[PDB]
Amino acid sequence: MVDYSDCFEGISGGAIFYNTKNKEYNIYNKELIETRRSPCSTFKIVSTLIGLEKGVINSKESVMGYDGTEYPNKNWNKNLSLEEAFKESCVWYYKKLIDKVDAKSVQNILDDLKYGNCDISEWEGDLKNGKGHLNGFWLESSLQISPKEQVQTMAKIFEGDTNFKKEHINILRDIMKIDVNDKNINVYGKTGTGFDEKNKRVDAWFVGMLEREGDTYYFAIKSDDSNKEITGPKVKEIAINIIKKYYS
């Protein structure tokens, strides 16, 4: 067990890095990285592949059709492409995408990926939050997955152990790429932000992978802090600081 607490700056959380070559996990806060939580927008990693496999989308330019709804997040107020929807965490784009897939197809895909509890029973999500259509089973709802399960899923996807086509995995890798001011390492990932109203804790995520030299690490950084200021973007900052101090 490793310690990356310095990079969390007192924020409650954990981190897990997996290297498929030596099959070793670098774990900070074992109990937390084994705890299932809503994946929130990190689910876009899998929903992108589901959309591509089912032909709902076909490329980084794919559009879903914008109905003109004025959303609080002005970055969502246009007919944005798959690459834009992924980077802006556009819930309306991905909810419209998943609504075109049969629940049986989603269930079989998650069960085959061993995606946590694979529970999509609350398809429409937690309507009690008053957000109407800006909800889904992956947003503080029935679907739950641990940080360790996220890393295991990432590894199966990118090491080619799933049924997904390599051309679709390559589209996902492209839209997941992030800039860390260092061409010596390649970082890919997706943020997730939610608040667990029942337990009064955030679900703040940064899930992805690091490619350096001849090594690849699949990682999941997670916060369960009480402070609602702790969002996916904040956990992304912590993840980049962990990568800079312990993986560079």
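A residue's number is simply how far along the shown sequence it sits, counting from 1.
Student: So 63-71 or 182-190, which one's hotter by mean CA B-factor in the entry?
Tutor: Taking the mean C-alpha B-factor of 63-71 and of 182-190, the larger value falls to 182-190.
Student: When the C-alpha temperature factors are averaged for each of 170-178 and 142-150, which stretch ends up with the higher value in the entry?
Tutor: Looking at the recorded C-alpha B-factors, 170-178 comes out higher on average.
Student: Which one, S12, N227, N22, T231, has the peak C-alpha temperature factor per the PDB entry?
Tutor: So the option with the highest C-alpha B-factor is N22.
Student: Could you check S47, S41, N26, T216 and tell me which one carries the biggest Cα B-factor in the deposited entry?
Tutor: Of the options given, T216 has the highest CA B-factor in the PDB entry.
Student: Just say lowest, middle or highest third for the CA B-factor of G125 relative to the other modelled residues in its chain.
Tutor: Middle third, going by the recorded CA B-factors of the chain.
Student: Of the three thirds of its chain by CA temperature factor, lowest, middle or highest, which one includes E31?
Tutor: CA B-factor rank for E31: middle third.
Student: What third of the chain, by the recorded C-alpha B-factor, contains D119?
Tutor: Answer is lowest: the recorded C-alpha B-factor places it there.
Student: Where does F86 sit by CA temperature factor within its chain: lowest, middle or highest third?
Tutor: For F86, whose C-alpha B-factor we compare with every modelled residue in the chain, the answer is the middle third.
Student: Within this chain, which third does the Cα B-factor at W92 fall in: lowest, middle or highest?
Tutor: Lowest third of the chain for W92's C-alpha B-factor.
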